[PDB]
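> Next comes input19.cif, mmCIF, C-alpha atoms:
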data_query
#
loop_
_atom_site.group_PDB
_atom_site.id
_atom_site.type_symbol
_atom_site.label_atom_id
_atom_site.label_comp_id
_atom_site.auth_asym_id
_atom_site.auth_seq_id
_atom_site.Cartn_x
_atom_site.Cartn_y
_atom_site.Cartn_z
ATOM 1 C CA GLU A 652 5.323 -34.713 -33.630
ATOM 2 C CA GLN A 653 2.919 -35.595 -30.804
ATOM 3 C CA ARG A 654 5.650 -35.625 -28.151
ATOM 4 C CA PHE A 655 6.523 -32.032 -28.971
ATOM 5 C CA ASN A 656 2.788 -31.374 -29.356
ATOM 6 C CA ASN A 657 2.124 -32.092 -25.695
ATOM 7 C CA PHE A 658 5.470 -30.525 -24.752
ATOM 8 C CA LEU A 659 4.505 -27.287 -26.510
ATOM 9 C CA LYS A 660 1.025 -27.297 -24.981
ATOM 10 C CA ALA A 661 2.557 -27.723 -21.521
ATOM 11 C CA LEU A 662 5.050 -24.930 -22.213
ATOM 12 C CA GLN A 663 2.292 -22.622 -23.447
ATOM 13 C CA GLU A 664 0.392 -23.298 -20.226
ATOM 14 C CA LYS A 665 3.559 -22.720 -18.188
ATOM 15 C CA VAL A 666 4.323 -19.382 -19.829
ATOM 16 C CA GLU A 667 0.644 -18.486 -19.385
ATOM 17 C CA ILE A 668 0.959 -19.018 -15.626
ATOM 18 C CA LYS A 669 4.082 -16.808 -15.737
ATOM 19 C CA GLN A 670 2.704 -13.291 -15.352
ATOM 20 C CA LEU A 671 5.382 -10.965 -16.718
ATOM 21 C CA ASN A 672 5.833 -7.575 -18.336
ATOM 22 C CA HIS A 673 7.161 -9.409 -21.432
ATOM 23 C CA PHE A 674 5.026 -12.535 -21.230
ATOM 24 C CA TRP A 675 3.783 -14.883 -23.968
ATOM 25 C CA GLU A 676 2.018 -11.930 -25.601
ATOM 26 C CA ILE A 677 5.277 -11.431 -27.493
ATOM 27 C CA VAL A 678 5.413 -15.200 -27.983
ATOM 28 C CA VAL A 679 1.821 -15.357 -29.230
ATOM 29 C CA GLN A 680 2.080 -12.307 -31.501
ATOM 30 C CA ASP A 681 4.827 -14.247 -33.279
ATOM 31 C CA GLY A 682 3.143 -17.526 -32.293
ATOM 32 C CA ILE A 683 0.553 -16.953 -34.992
ATOM 33 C CA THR A 684 2.576 -19.610 -36.829
ATOM 34 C CA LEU A 685 2.444 -22.531 -34.376
ATOM 35 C CA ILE A 686 1.815 -22.621 -30.616
ATOM 36 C CA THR A 687 -0.284 -25.775 -30.121
ATOM 37 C CA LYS A 688 -0.408 -29.469 -30.988
ATOM 38 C CA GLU A 689 -0.095 -30.536 -34.628
ATOM 39 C CA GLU A 690 -0.098 -34.195 -35.681
ATOM 40 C CA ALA A 691 -1.976 -34.237 -38.970
ATOM 41 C CA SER A 692 -5.259 -32.294 -38.607
ATOM 42 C CA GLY A 693 -8.457 -31.953 -36.584
ATOM 43 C CA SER A 694 -7.898 -31.711 -32.841
ATOM 44 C CA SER A 695 -4.430 -30.523 -33.848
ATOM 45 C CA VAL A 696 -5.581 -27.555 -35.932
ATOM 46 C CA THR A 697 -8.531 -26.937 -33.607
ATOM 47 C CA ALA A 698 -6.002 -26.634 -30.778
ATOM 48 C CA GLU A 699 -4.528 -23.724 -32.740
ATOM 49 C CA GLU A 700 -7.815 -21.825 -32.616
ATOM 50 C CA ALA A 701 -8.072 -22.861 -28.960
ATOM 51 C CA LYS A 702 -4.913 -20.928 -28.036
ATOM 52 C CA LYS A 703 -4.007 -18.697 -31.002
ATOM 53 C CA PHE A 704 -7.042 -16.571 -30.072
ATOM 54 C CA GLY A 722 -4.522 -9.505 8.249
ATOM 55 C CA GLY A 723 -2.012 -7.643 6.122
ATOM 56 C CA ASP A 724 -4.096 -8.720 3.146
ATOM 57 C CA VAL A 725 -7.101 -7.485 5.112
ATOM 58 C CA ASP A 726 -4.972 -4.414 5.792
ATOM 59 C CA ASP A 727 -4.633 -4.215 2.023
ATOM 60 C CA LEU A 728 -8.328 -5.050 1.624
ATOM 61 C CA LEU A 729 -9.761 -2.856 4.401
ATOM 62 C CA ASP A 730 -7.481 0.213 4.389
ATOM 63 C CA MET A 731 -7.231 0.766 0.634
ATOM 64 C CA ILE A 732 -9.135 -2.329 -0.638
ATOM 65 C CA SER B 1823 -20.813 11.010 32.288
ATOM 66 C CA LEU B 1824 -19.886 10.980 28.610
ATOM 67 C CA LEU B 1825 -21.493 7.689 27.575
ATOM 68 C CA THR B 1826 -24.989 8.850 28.549
ATOM 69 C CA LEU B 1827 -24.822 12.093 26.581
ATOM 70 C CA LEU B 1828 -23.228 10.296 23.631
ATOM 71 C CA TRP B 1829 -26.044 7.761 23.628
ATOM 72 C CA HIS B 1830 -28.621 10.560 23.718
ATOM 73 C CA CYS B 1831 -26.750 13.230 21.739
ATOM 74 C CA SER B 1832 -28.464 14.821 18.764
ATOM 75 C CA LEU B 1833 -27.154 13.313 15.539
ATOM 76 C CA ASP B 1834 -26.563 16.698 13.901
ATOM 77 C CA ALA B 1835 -24.377 17.978 16.747
ATOM 78 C CA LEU B 1836 -22.608 14.617 16.651
ATOM 79 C CA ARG B 1837 -21.416 15.451 13.136
ATOM 80 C CA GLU B 1838 -19.650 18.717 13.922
ATOM 81 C CA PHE B 1839 -18.344 17.428 17.256
ATOM 82 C CA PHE B 1840 -16.850 14.472 15.373
ATOM 83 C CA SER B 1841 -15.311 16.820 12.818
ATOM 84 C CA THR B 1842 -13.840 18.828 15.691
ATOM 85 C CA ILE B 1843 -12.343 15.793 17.429
ATOM 86 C CA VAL B 1844 -11.179 13.764 14.392
ATOM 87 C CA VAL B 1845 -7.526 14.797 14.526
ATOM 88 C CA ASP B 1846 -7.640 15.376 18.288
ATOM 89 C CA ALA B 1847 -8.379 11.663 18.667
ATOM 90 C CA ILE B 1848 -6.234 10.404 15.780
ATOM 91 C CA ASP B 1849 -3.031 11.976 17.093
ATOM 92 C CA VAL B 1850 -3.600 10.951 20.714
ATOM 93 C CA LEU B 1851 -4.499 7.396 19.685
ATOM 94 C CA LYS B 1852 -0.766 6.651 19.481
ATOM 95 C CA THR B 1862 2.621 6.766 35.148
ATOM 96 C CA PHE B 1863 1.407 4.164 32.658
ATOM 97 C CA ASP B 1864 -2.137 4.817 33.894
ATOM 98 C CA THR B 1865 -2.625 8.192 32.210
ATOM 99 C CA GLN B 1866 -2.237 7.091 28.592
ATOM 100 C CA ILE B 1867 -4.219 3.874 28.962
ATOM 101 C CA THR B 1868 -7.085 5.644 30.742
ATOM 102 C CA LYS B 1869 -7.191 8.354 28.090
ATOM 103 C CA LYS B 1870 -7.319 5.659 25.411
ATOM 104 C CA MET B 1871 -10.046 3.954 27.464
ATOM 105 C CA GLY B 1872 -12.081 7.113 27.101
ATOM 106 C CA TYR B 1873 -11.248 7.518 23.423
ATOM 107 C CA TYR B 1874 -12.440 4.013 22.563
ATOM 108 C CA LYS B 1875 -15.572 4.322 24.689
ATOM 109 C CA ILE B 1876 -16.510 7.650 23.087
ATOM 110 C CA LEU B 1877 -15.693 6.783 19.486
ATOM 111 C CA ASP B 1878 -17.549 3.462 19.445
ATOM 112 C CA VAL B 1879 -20.949 4.977 20.254
ATOM 113 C CA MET B 1880 -20.544 7.637 17.583
ATOM 114 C CA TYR B 1881 -19.497 5.110 14.950
ATOM 115 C CA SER B 1882 -22.761 3.474 15.972
ATOM 116 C CA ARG B 1883 -24.576 6.442 14.358
ATOM 117 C CA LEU B 1884 -23.760 6.794 10.647
ATOM 118 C CA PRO B 1885 -20.934 6.373 8.092
ATOM 119 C CA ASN B 1909 -14.294 9.299 3.247
ATOM 120 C CA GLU B 1910 -11.049 7.295 3.301
ATOM 121 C CA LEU B 1911 -9.136 8.136 6.505
ATOM 122 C CA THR B 1912 -11.548 6.019 8.556
ATOM 123 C CA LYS B 1913 -10.361 2.932 6.670
ATOM 124 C CA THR B 1914 -7.055 3.190 8.530
ATOM 125 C CA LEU B 1915 -8.416 4.128 11.943
ATOM 126 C CA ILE B 1916 -10.055 0.759 12.595
ATOM 127 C CA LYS B 1917 -6.799 -1.177 12.560
ATOM 128 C CA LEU B 1918 -5.194 1.494 14.730
ATOM 129 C CA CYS B 1919 -7.297 -0.076 17.484
ATOM 130 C CA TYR B 1920 -7.339 -3.691 16.269
ATOM 131 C CA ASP B 1921 -3.764 -4.353 17.359
ATOM 132 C CA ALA B 1922 -4.801 -2.603 20.574
ATOM 133 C CA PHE B 1923 -6.541 -5.877 21.475
ATOM 134 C CA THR B 1924 -4.002 -8.383 20.137
ATOM 135 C CA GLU B 1925 -1.266 -7.793 22.725
ATOM 136 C CA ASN B 1926 0.472 -10.716 24.412
ATOM 137 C CA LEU B 1934 -2.290 -5.025 34.702
ATOM 138 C CA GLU B 1935 -5.980 -5.838 34.350
ATOM 139 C CA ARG B 1936 -6.213 -2.400 32.745
ATOM 140 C CA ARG B 1937 -4.502 -4.070 29.787
ATOM 141 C CA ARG B 1938 -7.413 -6.485 29.360
ATOM 142 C CA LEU B 1939 -9.857 -3.611 29.843
ATOM 143 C CA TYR B 1940 -7.931 -1.799 27.103
ATOM 144 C CA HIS B 1941 -8.264 -4.823 24.836
ATOM 145 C CA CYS B 1942 -11.996 -4.906 25.551
ATOM 146 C CA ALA B 1943 -12.430 -1.186 24.854
#
Go ahead and render the structure in this file as structure tokens.


Amino acid sequence: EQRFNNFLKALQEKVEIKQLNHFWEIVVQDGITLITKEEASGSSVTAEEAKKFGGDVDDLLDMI
Amino acid sequence: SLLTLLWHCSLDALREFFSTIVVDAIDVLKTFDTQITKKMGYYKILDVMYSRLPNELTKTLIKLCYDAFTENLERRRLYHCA
């Protein structure tokens, strides 16, 4: 339970750092079930509510 | 000649003269002596008038001269300075 708890938290973070056009928004919208750690209660369920809810200057100085 | 008058030019006349010479300088910004001397003049006339007052086109123009310094005969260093 806890092994996959930390695994799933790490994977949620990893997909979060993956900016996509089909990113974890689709995962989360169906991840209303379970996307965080769950061992028995407490910091488990709380975790749910924690996550369930020069050329550059040319870019920055010619069109910002 | 030109630097003195540009330093003492009336700011209002500066505006319409700038509007007149915008494209005339932009196009020309892009033996060997003729071009580099003309660009000498262009830099030394535009700088003083930028020193007066502040669209979007200008945002490009600056870098059109930035590389003009970063090249890797003394007229070349004078060009970089201008």

> Mind giving me the straight-line distance from CA of residue 1871 (chain B) to CA of residue 1825 (chain B) in Å, one decimal?

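A separation of 12.0 Å between them.
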
> Chain B residues within 10 Å of chain A, counting all atoms listed in the file: which ones, as a PyMOL selection string?

chain B and resi 1910-1917

> Kindly give the distance, in Å, that separates CA of residue 656 (chain A) and CA of residue 687 (chain A), rounded to a single decimal.

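Rounded to one decimal, the two atoms are 6.4 Å apart.
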
> With distances taken over only C-alpha atoms, which residue among A:652, A:724, A:664, A:699 lies nearest residue 683 (chain A)?

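Once distances to residue 683 (chain A) are computed over only C-alpha atoms, the minimum belongs to A:699.
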
> Which residues are near region 1873-1876 of chain B? Cut-off 8 Å, all atoms listed in the file, ignore same chain within fewer than 3 positions. Put them as a ChimeraX atom specification.

/B:1824-1825,1828,1847,1851,1869-1870,1879-1880,1943

> Identify, on the basis of only C-alpha atoms, every residue whose closest approach to residue 685 (chain A) does not exceed 10 Å; exclude the query and any residue fewer than 3 positions from it along the same chain; express the result as a list in words.

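Result of the neighbour search: residues 659, 679, 681, 682, 688, 689, 696, 699, 702 and 703 of chain A.
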
> Around all the atoms of region 673-676 of chain A listed in the file, draw an axis-aligned box and extend it by 4 Å on each of the six sides; I want its centre and edge lengths in Å to one decimal, as AutoDock Vina command-line options.


--center_x 4.6 --center_y -12.1 --center_z -23.4 --size_x 13.1 --size_y 13.5 --size_z 12.4

> Can you measure CA of residue 1872 (chain B) to CA of residue 1837 (chain B) for me? One decimal in Å is fine.

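According to the coordinates, CA of residue 1872 (chain B) and CA of residue 1837 (chain B) are separated by 18.8 Å.
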
> Give me, as an mmCIF file with C-alpha atoms, in the coordinates of the input, all polymer residues having an atom no more than 12 Å from residue 677 (chain A), counting only C-alpha atoms and skipping those fewer than 6 positions away in the same chain.


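Okay, part.cif is ready:
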data_model
loop_
_atom_site.group_PDB
_atom_site.id
_atom_site.type_symbol
_atom_site.label_atom_id
_atom_site.label_comp_id
_atom_site.auth_asym_id
_atom_site.auth_seq_id
_atom_site.Cartn_x
_atom_site.Cartn_y
_atom_site.Cartn_z
ATOM 1 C CA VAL A 666 4.323 -19.382 -19.829
ATOM 2 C CA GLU A 667 0.644 -18.486 -19.385
ATOM 3 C CA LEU A 671 5.382 -10.965 -16.718
ATOM 4 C CA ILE A 683 0.553 -16.953 -34.992
#

> I need the residue nearest residue 660 (chain A) from this list: A:727, A:691, A:698, A:674. Use all atoms listed in the file for the distance.

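Counting all atoms listed in the file, the residue closest to residue 660 (chain A) is A:698.
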
> Can you tell me which residues surround residue 1840 (chain B) at a distance of at most 12 Å, considering only C-alpha atoms, apart from same-chain residues fewer than 3 positions away, and format the answer as an MDAnalysis selection string?

chainID B and resid 1828 1831 1833:1837 1843:1848 1876:1881 1883:1885
